[PDB]
Every structure is written in structure tokens, then in C-alpha cells.
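K.L.:
one piece of my complex first, more on the way:
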Amino acid sequence: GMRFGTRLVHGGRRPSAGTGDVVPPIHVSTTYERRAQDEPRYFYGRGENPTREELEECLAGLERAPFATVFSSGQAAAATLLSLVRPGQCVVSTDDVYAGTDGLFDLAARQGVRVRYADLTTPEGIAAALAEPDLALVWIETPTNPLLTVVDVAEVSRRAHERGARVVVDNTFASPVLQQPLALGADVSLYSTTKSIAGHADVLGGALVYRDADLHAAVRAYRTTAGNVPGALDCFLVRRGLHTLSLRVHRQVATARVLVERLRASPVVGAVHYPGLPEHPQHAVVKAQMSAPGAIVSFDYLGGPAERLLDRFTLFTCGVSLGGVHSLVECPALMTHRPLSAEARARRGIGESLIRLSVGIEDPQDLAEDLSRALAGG
Amino acid sequence: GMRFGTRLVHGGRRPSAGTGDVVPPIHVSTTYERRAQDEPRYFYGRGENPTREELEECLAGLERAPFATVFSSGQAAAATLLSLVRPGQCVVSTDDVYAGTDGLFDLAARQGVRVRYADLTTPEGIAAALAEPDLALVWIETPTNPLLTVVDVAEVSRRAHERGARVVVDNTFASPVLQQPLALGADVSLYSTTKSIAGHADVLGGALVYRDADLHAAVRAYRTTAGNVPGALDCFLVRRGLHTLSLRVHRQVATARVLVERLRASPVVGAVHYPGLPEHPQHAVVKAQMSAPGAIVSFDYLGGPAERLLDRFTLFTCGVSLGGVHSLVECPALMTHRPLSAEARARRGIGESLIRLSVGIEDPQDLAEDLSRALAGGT
């Protein structure tokens, strides 16, 4: 009955009969006495854990959904979902998804799984990719990175379900604060909670959030058997960062808008990429599906080698991951997109001077000034 | 350089050669080997710990100050500062300061320290209480709880420093987001970091932030000898919550204002105390000395017994403590100020029907709606 953001603080809190703890106590026990228990359902830590369940309930609540399942990492959430794709079945996706994600395509490719890449930023190449024989899953990551292009979740989901296939959105980029894939018509939202949700760069995690109860059983059976389960202490940490998730996200957003305007005024900056610009080729889709433009910005550096620019920052940290409280900068060409080749990256239209910013919660004008000195050099 | 809303993130965050950790590691070791450093400075966890030291630089950094020292609790921070008042010396304070402080004041009185309570809102009552012989320490807590009256730190410090007295401000209530005691002319800011600084209701800590190097030495020697140090994991949790202190406080303040409006609108609400109201009894001081007027609210409930009001809240948690992520309601006559003396209450202000809100970060409209329908009960 209550509202998001109240959900962030109390959503799947708990209550704690016995003592009245407001913050639920941390359940580290691997084992349980089955005689105390007036109705046995906590057996063993890999299967059942109170702290882990609270995090799950919280996450499910953020999306008005019946089920969530958390994992040791974002990659483990993806690996679990992908595991359900059978040989002689087909995962429609895109040549531009996350590199770890593409690795789970690689591994899947050897279990009779056909990976059909095609384009989903248009209607046109949606229908063909969808008419693929034996197609089981459609895999959308939106916005994409580092190009910050998007995919119309509702329309892709309309055309996919027409074929009784499953649609997952990797929603890590935007967080549930900004984008609600299940609301848009997707069947699953996938998160690396390592980013935004936990939000302090001090714990690894993944989550799936969904409604299908058949899917719920297959997912929990896999997690229990594969054992890709997170620790209780790490569920505590992810749960902790959640309270401030929307406060952090909109601080991150506001600063992003600032830096984009700083960027658009630099003589040594070419293209600036940001889902919320009026020039963005899919501005109608961003406005239709995202509540705000996000914490990530990309741009073409013109003032010389990216490698030299990277060092000049004296506030942004250079490094990988995103969404953390500390602002980060990277050159995908040198870092995140290193494993792809240039003509690859070039097909992608990822130049070697593409710079990516992940915006933290520091003072906006502090971040703007570090960016400007860095660009200016000297 | 760096503004406050950046120092929260990067204060106390020197890197770490070899590995490059963005978040510094948690130093749990109580124990050190000589030969691993090049001169001897880490001998033992009680005296020295990098994680504790990192939190300290951050806290000091929030007030543009040389030193900070953190503690096992706000009470411990208070006990430490108080320990530096010798037998025969007089502490001037108020009869409405936090009890934990006064309980501590009682402890001092039995060692030969004498204690004097004082209204610190009037030129005379300030100028008189600051004529207390052998004055050594002026203990200012502003806003005072639960009534949210306010004391002019600059003025009171512009007269204590004439008597040869050190001034502390328990700045727990406002946090260094909203009030800057050292800038206002005080010598020490005291914090329970247990409240808004840690801010997630999952760790205790205190802090003292100051400038006097002579004081720094005395403060560390006591913490070392008394042993009231926080643990590493706890310093980590305090340090972690502090990242979002600015974002949290401003949300908390934004909602407090909404609740204050809801309160003012209600026919079963009498007095409303809030430092931001055009008729707060110290609006000019609040105007000049804080940047926003805080996220605690108090009010007289007219609709029946206070207990019955408390049960009717479905989102507000009933508990003592304040400033954490979860909104809390209490009745000082039943929760905090409870054990008092029913004749005395009327002097200090604390009424039967007095209710105190500590505003969190849930949706302002959710909290407002919970409040409005506790106020409507009558069974």
C-alpha cells in the first residue's frame, strides 16, 4: 500500500519477534536446529537464510513483484538464468551486451544453445530476430554501455511474448529507481547489485527479480545445486546501501546533467553521449521508459591520447564497475572493452578516444572542475 | 580542491600501494611487527589503527580542522572531554542538556568538579553564569532536546573565552552538515556518531573534533588509558554511512518541513517546536548559525493519552534514539525523559502530551499520511 523509497527502508525489513531490533540481526549460522522451529523450513545455509531472504523481499518489493533471488555476483545471476536455456533453443540478444554477459553466451554456445544476435534499437530488425526458430529467450541490456543507446522494452516484450519466449532486462545501468523492466512488460529484471543498489564499492552481488512461479522454482533449484549463493554478511552490506539508493541515484543524475553541459562546451570534446539529450536518436523511448537519464556519460576526447588524459584526474578515480559513491572514469578501449578488437569496437563505433564517466555523489562543481582541468591539461 | 559534499566521499581515503583499493581495507589487527614499517608507530591496536585514523581525518576534514578522535560511544567522547576538568573547577551548562551528559556530570561532581546549569539565551543569564568562579568548560547543546531551543554559539563563545573557558558544542542533533561549531567560534564539536553520522542504526561511536594541539595530546592519552576506543569493523560502518550523510540529512530536513505543516494544520496539535518556524523563539540565531533547521520535530498532542497516539503509527517506529534511516517517534514522558519528577517537568518544559519525531528518509508523503492518521484515533 505504501510507496517506493519507503520501500527502500522498510521493504522486506522484517520484524524480529523476541527482542524488537529495528535493524534485523545478521544471520551467519550455516546450520539450524530443526526441533525448535514450530514449522520446519530452515535447514542449511546454502538453501535457506533469513538475512538473504530479507534482501530478496526488499528487492522484489522495489518492483511490485512476488519473487527475487540474490546471488554471489551479477555474473552468477546471469549464469543461472542462461542455464535454463536448453540445447536446440535460442537466446536472441545483441552484439553490444556486457563482456561478461557475452562470455555466458560463449559458454552457452557449447551446450547446443544457438545465440542469434540482431539489432533491437529499431523495429525493423526486431521481427526477424524474433522469428528465429526455437527462440527461447530475449536478452536486453538498456541503456547499453558505453554508447548509452537504448531498447524499447515494452515493444520488444510485446513482440517476444507473441512467441511465448522469456524476456530479461539487464537493468544494472539504471537501477529500479529509474527503470522498471517488469512494469514495462519484461519477464525478468537482472542486476549486478555490485553497482548502484549496494552502491559503496565494497561487496559483490547479483539479483534476479521476476513473477513467474515456475521460473522461481527452476532458479532456486539451480542456485542451491550450483551453490552460487552470497554470504549473509554481504547480504547485510547490499541491504545497507539500499536505504539510500534513490537518494544516491538522483544525486548521481543531477551531477551527470551538469557534466554533460561542461562537456558540450569543451573545445577538446567531440560527441557527447547521454540518454537524456534532445538529440539522442531514441529520445522518445528514453522519455517513455526511463524516469531519469542515469549516472553514466560518454564522450569523444579530442585533445590527445586517452591514456594521458586518464592520469590528469585528481578526483575521479580511474577504474572499472560503476554506480559507486566514488566517481570513476575509464577508457573502454583501454579497459572494459580491451578484449574486443578495434574494427570490432569500430563496428561498434567505439573509438579509442571514447571516455566513460560513472558519476558518484561528490560535489558537482568539484567533479566539473576536476574534469575541466583534466581536459585542459597543463 | 574539495567542498563538504566531496569530503564525505574522499576524506580519509589515501590510497594503498601495491593493490589500489578504492575502499581502504579494514585493519582488524590488534598486533604489529616492527620491521614492516621503517620507523616505529604501530605498536598496538588501542593506541593506533589506520581504519580508525581514516575515519578521524574524514571527520576533522568536515570541519576544516586539524584533529579528530573517535570513541566507543557519544558518552565516551563526552566522558573524555569531561575528564579534563580538574577537582575544584566549574562546568557551566544547561538544565536541559542530554541526560547522558548530566549523568556524566554527576560522576564529575563526585571527584571535586562542580557543575552549574544555566539558560544560555539571555545576555544577563549568559553574562552571570559566565561569572561562575573557576570556570573551565562551557557545555553547549544546541538545539536542545526535546524542545529544540537554540543557543548562540558565537556570542556564548565570545564571552567564555574572556573567562578563560573552553567551549564544546554537542553538535549531534544538527550534524556537521548543518552546523559548524568550530567556525562559530567553539573549541570542540562533540558527536554521537551513533545518530545521523553512522546513520543506519547499526553501530555506536562518538567523536570529538577540535583544533588545540595541547588538547589533542590530553584527549589521546585519556582514550589510550581509559580504553574507550571503537573497534575497526565499527569504524568501517561509521565511515560507510557517512558517505551519504549530506544526502540523508537534506532529505530528512525536507520531510520534517512537510510534517511540520501537517502538524500545524491539525486541530489536535498544540505547541509545535521546530527551529525553522518564523516564530521559533530563536529564529534569528537559527537563521545566522545553521544552514537548514534540522530534522527533529516536537509537538503537544491534544487528542488523548500519548501512549494511544504511539500505537497508531504504522510506519514510524516507536523507539528512542534519533536520526537514523528509519523514522522514529517517542514520548519524552514515557520514552527518553521518562524517569523525571512530575512537578519538575513544567520547569524544563517537558509535558505529558509532548511527542518527538526523528525524521528518516522514507517517502515524505508516506510519513505524512502515517502521522495524520495517528492523530485521528480516539478509541
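P.N.:
Received, thanks. Numbering: from 1, shown residues only, chains lettered A, B, ... in the order given.

K.L.:
contact partners of stretch A:29-42?
P.N.:
For stretch A:29-42, contacts defined as C-beta atoms under 8 Å, 6 or more residues apart in numbering or on different chains pick out A:43, A:44, A:45, A:48, A:49, A:50. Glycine gets a C-beta too; all of them are placed from N, C-alpha and C.

K.L.:
what strands line up against the host helix or strand of residue A:168, and which way round?
P.N.:
Following DSSP states H and E, one finds residue A:168 within strand A:166-170. According to DSSP bridges, strand A:166-170 forms sheet pairs with strand A:135-141 (parallel), strand A:188-192 (parallel).

K.L.:
tell me which of these lies nearest to residue A:68.
P.N.:
strand A:188-192 (8.9 Å; C-beta to C-beta).

K.L.:
what about the closest one, distance to the chain center?
P.N.:
Its chain's C-alpha centre and that of strand A:188-192 lie 6 Å apart, by C-alpha atoms, centre = their mean, to the nearest Å.

K.L.:
between the contacts of stretch A:29-42, which is nearest chain B?
P.N.:
Nearest to chain B out of the contacts of stretch A:29-42 is residue A:50 (C-beta to the nearest C-beta; 16.2 Å).

K.L.:
what's around that closest one, how many residues?
P.N.:
Using other C-beta atoms under 10 Å in any protein chain shown, the number of residues around residue A:50 comes to 16.

K.L.:
ok, now which ones touch it?
P.N.:
Neighbour list for residue A:50: A:14, A:24, A:27, A:42 [criterion: C-beta under 8 Å, 6+ apart].

K.L.:
now do the second one against residue B:151, distance only.
P.N.:
Which is residue A:24. For residue A:24, the distance to residue B:151 equals 39 Å [C-beta to C-beta, to the nearest Å].

K.L.:
just the third one next, same as before
P.N.:
For residue A:27, the distance to residue B:151 equals 45 Å [C-beta to C-beta].

K.L.:
name the residues of the stretch 151-300 of chain A found near chain B, please.
P.N.:
Listed as neighbours of chain B in the stretch 151-300 of chain A under the rule C-beta under 8 Å from any C-beta of the partner chain: A:200, A:201, A:202, A:240, A:243, A:244, A:247, A:248, A:251.

K.L.:
extend the structure above with chain C:
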Amino acid sequence: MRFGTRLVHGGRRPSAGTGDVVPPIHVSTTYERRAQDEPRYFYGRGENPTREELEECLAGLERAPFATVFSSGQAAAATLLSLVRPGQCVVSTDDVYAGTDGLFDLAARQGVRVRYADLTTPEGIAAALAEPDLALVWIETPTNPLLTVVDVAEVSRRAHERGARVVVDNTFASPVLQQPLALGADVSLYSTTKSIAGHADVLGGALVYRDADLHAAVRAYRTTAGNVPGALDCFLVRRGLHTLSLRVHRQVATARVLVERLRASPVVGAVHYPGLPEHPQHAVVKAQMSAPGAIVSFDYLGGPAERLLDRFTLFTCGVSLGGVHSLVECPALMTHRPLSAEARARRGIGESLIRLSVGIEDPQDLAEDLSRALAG
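P.N.:
If we add chain C to the chains shown above, we get the following:
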């Protein structure tokens, strides 16, 4: 510096500058590149110094060049299984751990061939390793809950003549009692959740091995599957490890005490414990195990199993094993209530079989609890 010293200083990977004796806990998911010279710390799923110290410690215990830890024992097993391709054979035992068999099932449902075998006789082992396309031989020894014991050296020699990797699930024994690599295996598999962490407060897995190309494949899978343990999780396992040898020998010594009172009891029939003389594989236990472990099983003759379980006041009724708190369970109700009663009678698992997991409590108190509980 020897083996009890391995537990304390194993990988106690230094603290340049501050001098910390206990290494600080590295929780950062990420790393400033610039902050290291030749940057090789990038992202926590791939790199983490706390995890590395634990792995280095664990490998140290078997004098192995490598180790990799995991979010759970299941994850360790799943990683090793992932290297077997469809059509290839994994040879093992019907009475392997139910988590493992689920993983066999997953793999079987991918086309990998899982072949179960008797692995305790000469005939039975040739009738195992003869399968064509044999890439993996999976030994759990001792096997739980009947405490049978497979000859690791002999099975390893035979498996290797067809080029098959041999893994030993050494969770039951721990590396203080049994060393699979020294015995001939290629991989030691662990649920550190059990006796290794020792305190029943953290789930973890590990693999310990000696081949560098195996190493690369294991790390590539862990990075991609993302079945990595947490920083704080690793700290708890590491901290547990320090006392592993002390705890293990306390548990074994108490196990031996409990075995005699059991065999003395008129409401107890058969008793299982690898260290008894009449154990059909008694030569093998001697040769390959420095002590016979701290797991005990027995046939209970004196009333329904559920009532026996209800009479303990020191032992706890639950699962996992190897921890400091002693546990009891009844396989037919708890490890295998979900079995065909049919497949129960022939696994040698009676409806009244009781398993003890011995902790570190006073042996007198545990013996008293057991005795009054047996109510003989």
C-alpha cells in the same frame, strides 16, 4: 616451518607500511589502476588480496602450487564438473554427496556421461575406468553416512593410465587427516563450510591442485560464472583455519570415546567408524588417513529414530558437519527422507541409522548426552 605452522602463517600475506600481523580485510570491489605500478588489481570478481591469502594458505596445506576458493563447496564441485564435455564419462559412486549427484544430474541432463561404480574392489575399479572417453574420476572418501573408504592411490594409478583426472572430495577428512595429492589425486575438493572454517558461520568452497592449465580453466570459469566468495566470507574461513588441526584432533579423540560407549550399548546394533579393526577396508584407512575422522554412525535398536533425536540436550539435531557444536541427524529423515524407501534399504541406510558429527565439547558431556539419549 611445518604443518600446524602452515595454518597460522600460511599465506599470511604481509603489510608493507603499517606492519599488521593479521592481514586487513580487502572489501573494495575495485582498484585505482594508477595506485599500483604494473596494475594487476582491477575488479573484485577477478582480483582480491584477501581471497588470494586464503587460497595461498589452503594450497600451502597440501604443498600444492595452486588453490581457488568459491562461494560454496557446491560451487567448487560445479566448477570442476564444468570442464567435462557432453559424451565424456565421469566415473564415480552411487553414494556420493547429494549435492554432487544433483550436479551429476545437471551434467547428465547436458549429455555428459555419469557412470556410478562400486569402487572398493579390483573387479569394480577395472569395471569403472574401462569406460571409453574417461576424463574424470570422482572419489568421495570416506563416504557418508556409512563411512566406507576408497583406496585413493590405487584408483589414481589406474585412472591415470587412461589419462583421467582424479578428484577427491576431502571434506569429511580435512587436510589434517588425508592428503589426496600426496596419495596420487589431481585435485582436492573442499566445502570449507565444514571443518575448515570450523565454526558453522560461513559457506565456502575450495579446490587444491598442481596443474597450471587446470588452474587457468578453473579461474576463467569462476570469473565468468561469478561463483566467488565474499571478502568477509574469506576472512572468516581464514580465521577458522588457524585452529583446524587443534579442533580436528579434539574431535577425533572424542569420536573414539563415543564409538566405545555405542558398541557397549544394548540399544545399539552395528556401529560404523573407519578406525575400527573389523572395518572391511581397515588396511586402506591405515595407509591413507593419519586419523580416522570425527564422523560416527550406528544402528539404533531402541525405539523410533525421531524419539531418539528428541532426547538429546547437548548434540543438536541438524545438518552440516565438522563444526565446533556437535550435531546429530537421522539419514532416513533428514539427509534422505526424500528417498525411495527402496533405494534406502540397499544403500545400507536403515530407517534407524543415526549419524554423529563430533564437535569440540568435553567428551564426558557428549558421552553423557548420548548415553541418556540412548536411554539404555
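
K.L.:
the contacts of stretch A:29-42 again please, chain C included this time.
P.N.:
A:43-45, A:48-50, C:193, C:200-203, C:309-310, C:316-320, C:323, C:325, C:327, C:334.

K.L.:
can you tell me the centre-most residue of chain A?
P.N.:
residue A:172 (1.1 Å; C-alpha atoms, centre = their mean).

K.L.:
so for stretch A:24-44, what gets flagged as buried?
P.N.:
Residues of stretch A:24-44 classed as buried: A:24, A:27, A:28, A:29, A:30, A:31, A:32, A:34, A:42, A:43, A:44 (neighbour count, 16 or more other C-beta atoms under 10 Å in any protein chain shown).

K.L.:
near chain C at all, the strand holding residue A:168?
P.N.:
No - using C-beta under 8 Å from any C-beta, strand A:166-170 stays clear of chain C, coming no nearer than 13.6 Å.

K.L.:
restricting to C-alpha, output that strand in PDB.
P.N.:
Listed in PDB are the C-alpha atoms of strand A:166-170, where the atom choice follows Å, rounded to 0.1, in the frame of the first residue of the first chain:
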ATOM      1  CA  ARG A 166      11.100 -15.100 -22.000                       C
ATOM      2  CA  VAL A 167      12.400 -11.500 -21.900                       C
ATOM      3  CA  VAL A 168      15.100 -10.400 -19.400                       C
ATOM      4  CA  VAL A 169      16.300  -6.900 -19.000                       C
ATOM      5  CA  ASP A 170      19.800  -6.300 -17.500                       C
END
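
K.L.:
how about residue A:22, what does it touch?
P.N.:
So residue A:22 contacts B:201, B:317, B:319, B:324, B:326 (C-beta under 8 Å, 6+ apart).

K.L.:
kindly recompute the last result at 7 Å.
P.N.:
Residue A:22 makes contact with B:201, B:317, B:319, B:326 under the criterion C-beta atoms under 7 Å, 6 or more residues apart in numbering or on different chains.

K.L.:
okay, the first one and chain C: tell me how far apart.
P.N.:
Using C-beta to the nearest C-beta, to the nearest Å, residue B:201 is found at 20 Å from chain C.

K.L.:
swap in the third one?
P.N.:
As defined by C-beta to the nearest C-beta, residue B:319 lies at a distance of 28 Å from chain C.

K.L.:
got the phi and psi for that residue?
P.N.:
Taking degrees, to the nearest 10, you get phi -170, psi 160 for the backbone angles of residue B:319.

K.L.:
also put chain D on there:
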Amino acid sequence: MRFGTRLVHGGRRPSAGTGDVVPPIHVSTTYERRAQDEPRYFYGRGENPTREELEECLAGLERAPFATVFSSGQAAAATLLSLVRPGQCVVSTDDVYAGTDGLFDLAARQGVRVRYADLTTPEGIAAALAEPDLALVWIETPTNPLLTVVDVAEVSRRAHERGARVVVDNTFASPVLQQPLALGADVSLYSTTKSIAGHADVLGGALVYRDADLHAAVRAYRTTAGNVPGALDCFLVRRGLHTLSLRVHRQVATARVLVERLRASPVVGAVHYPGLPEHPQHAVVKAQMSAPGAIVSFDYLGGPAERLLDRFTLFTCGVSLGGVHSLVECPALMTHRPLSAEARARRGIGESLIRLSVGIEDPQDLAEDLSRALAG
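P.N.:
Following on from the chains above, chain D is added here:
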């Protein structure tokens, strides 16, 4: 009930719902009162179930009705001392811990008299309680660094003749070895930082005692001065506690081996150890506790102590003690350093006196490190 079951289960809970064997970690500072029947929990500094669990466990180790834990040993000590009123005297062991003398100087500053005594002779124990208004008799045993011992029962006999309070700082022996309350003292003081927690990764203190009015005052003090430990820290101490007995048993057995090694080295003079016949209270040693401990001191004869300290390659060069990692220190140069030159030698402390704190590493490993060190 015997002395190792209480380490595991003392203060350990069911979870009237979930059944957690290891009780969950209560990090909350605040408590939704509205539920709790007749209210127990109001605020963290005053109440916390995790903290209480540790207290029940510690009290159980000496079957005392009460225990209170603190941020540190100093804090436990500071609390006990605050109860002494201005103008009263504390009789104490003159080679007490400096931190205690630091607190002693606080009470020296805060009105109290600090008066040490030879606590080892009748012809001076009596003339120590001769002090007017004797509040506290403060014993630490064995002492540092010469390991002299004080007869707890005898000193208590005459201290109680005056109606005073007797505390024993019992950190050194731990409750595994020595039981001050059983011996006749009123309070046991611990630095749980040392062998109790046991792994050098948490600070802590404890008081264990039996009188309800001391209990009220101790708790009133802790709540007010706020020297409270965190919930996670209490978790670490409690977790380390499980193995305290196994660890102490181990450290003692190794200490004895080291003592034999030392006695045979031509560069060793006097050796101090509570378990040698030559120790002047070796008789009292035998009386008042079960195994002579994990601390050993000796005069190095090869010149400056730094010569020796620098040669160890397993022993860690630094302070604290009782932990899993063996430590070596030099008191004249570290713990006992800053005492000048016209002093120190009354505490019998020479400039090549060496103190070992024995961890759990392999004994022949520790024995070998000490050998090369001694024989550069």
C-alpha cells in the same frame, strides 16, 4: 558443565522461529519497544543480546552469576577503579601492567592512593592491608615480565579481614588455567584482546564477579561513561572463545618445549617460567592453577636484544600476547620501554631480558626458529 562444553554452548541460543545454531549478530542500536511483552531492550549502549551472550558465556567459565564486557581491557580496569573513592588506597602488585598504573596514576590524580606491595611475603602482605581505608586489592598473576606469582587465596583471606575488594587481572593464565573467584577473589579482570579472543583481530575487556551491587555499579558505570564494545567485536571474541581451551593447551605444551631449548643454550642465563622447580613461587603455582602458562622470559647473553630479535623468522617481532601467532618482545626496549635508566632494574628487568608469547604453530618449528636466533 565440564570446562570446554561451556566454551561452545555457554550463552548460546535457540531462535524461537528460525533455529540458528550460531546466534545471529544483533547490530541494531534501537528497539521497536511496542512488541517486547514486559520490555527488555531500549538502546544499544544499555542493552544488546549479542553482548549479553558473550557475558553469559564468560560468567559460565567461572560459574559466577555476572559478567560485563567492555571496549578493552583498560576499560574493564578503568570501570572497576572508578568505584574507589577519593582518599582511599589501592594495594597492588608493583609489577602490575603499566596501563593499570596509567589508570592508577589517574586515581593518583583523582584523589585515590596507589600503594603497591611485595604481595609475596606475609611479613608485608599484612603491612600492605595496613593501608587506611583499603578499597581494592589488585592482584595480577603471573606478573610481567618476571612471571612472579601471588597467592590469591592467602592474600584474599587477609584482604577480606579488612572488608576490602580483591581483583585478579587474570589475562595471563585465562580462565582455562586460573580461577580467581574459586580462589577467593571477588573479581576477575581480563583483557579479552589477548588469549580469550585469541586471533589478534579485536580489542576487548571483561569483568567477572558475583555480587549484585558491584554488578549494578559496574553496569551503571559502563552505560554512563560509554566504554561499550560493538556487536561485531563481541561476535569475534565469542567466536574465538570456542577454541580457547584447545589453544591454551597447545601454547603451554609448546612453551615447555621452548623452556628446555632455552636451558641448554650457552647464550641464555636465567629462564623465567611458572612451571620450573626453580621459580620462587613454583609451590604456589602448583596450588592455584592447572598448567603453568604460555609466557616465558629469559636473559639473552649475546649482547643487545636487537641482535636476537632481528634473527627470528617465524616469531613475530612486537606486542600483545596469548594469540595464535607466536610473538617475541623485548621489555626493556618495548612493553616496559619508556622507564629510564635509574629505574627498570628494580623490576629485575635487565636490557637483554627477552619475553616470548607462545602461539599454536608447530612446536619444533617454533623451537627451530628460537635456535638460529640464539645461534646467529
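
K.L.:
please look at the contacts of residue A:22 again, because chain D has been put in.
P.N.:
B:201, B:317, B:319, B:326, D:28, D:30, D:31, D:32.

K.L.:
can you check residue A:201 too?
P.N.:
Each residue near residue A:201 by C-beta under 7 Å, 6+ apart is listed here: A:321, A:324, A:325, A:326, B:22, B:23, C:28, C:29, C:30.

K.L.:
same thing but 6 Å
P.N.:
Residue A:201 makes contacts with A:324, B:22, B:23, C:29, C:30, as judged by C-beta atoms under 6 Å, 6 or more residues apart in numbering or on different chains.

K.L.:
over to residue A:241?
P.N.:
A:198, A:199, A:200.

K.L.:
separate out the buried members of those.
P.N.:
Buried among the contacts of residue A:241 (16+ other C-beta under 10 Å): A:198, A:199, A:200.

K.L.:
so the last one makes contact with residue A:323?
P.N.:
No - counting by C-beta atoms under 6 Å, residue A:200 does not reach residue A:323; the two are 9.8 Å apart.

K.L.:
verify the stated contact: residue A:137 with residue A:90.
P.N.:
No - assessed by C-beta under 6 Å, residue A:137 is found out of contact with residue A:90, at 7.6 Å.

K.L.:
who has more neighbours, these two?
P.N.:
Counted by other C-beta under 10 Å, residue A:137 and residue A:90 do not tie: residue A:137 has more neighbours, with 23 against 20.

K.L.:
between the contacts of residue A:201, which is closest to chain D?
P.N.:
Comparing the contacts of residue A:201 against chain D with C-beta to the nearest C-beta places residue B:23 closest, at 17.3 Å.

K.L.:
could you find the closest non-adjacent residue to the closest one?
P.N.:
Once flanking residues are discounted, residue B:23 sits nearest to residue C:28: 3.9 Å by C-beta to C-beta, 6 or more residues apart in numbering or on different chains.

K.L.:
related to what we said a few turns ago, who touches the residue nearest to the centre of chain A in this structure?
P.N.:
Shown in contact with residue A:172 (C-beta under 6 Å, 6+ apart): A:191, A:192, A:195.

K.L.:
who does the second one bridge with?
P.N.:
Each beta-bridge partner of residue A:192 is listed here, defined by DSSP bridges: residue A:206.

K.L.:
can you count the residues close to it?
P.N.:
Residues lying near residue A:192 (other C-beta under 10 Å) number 31.
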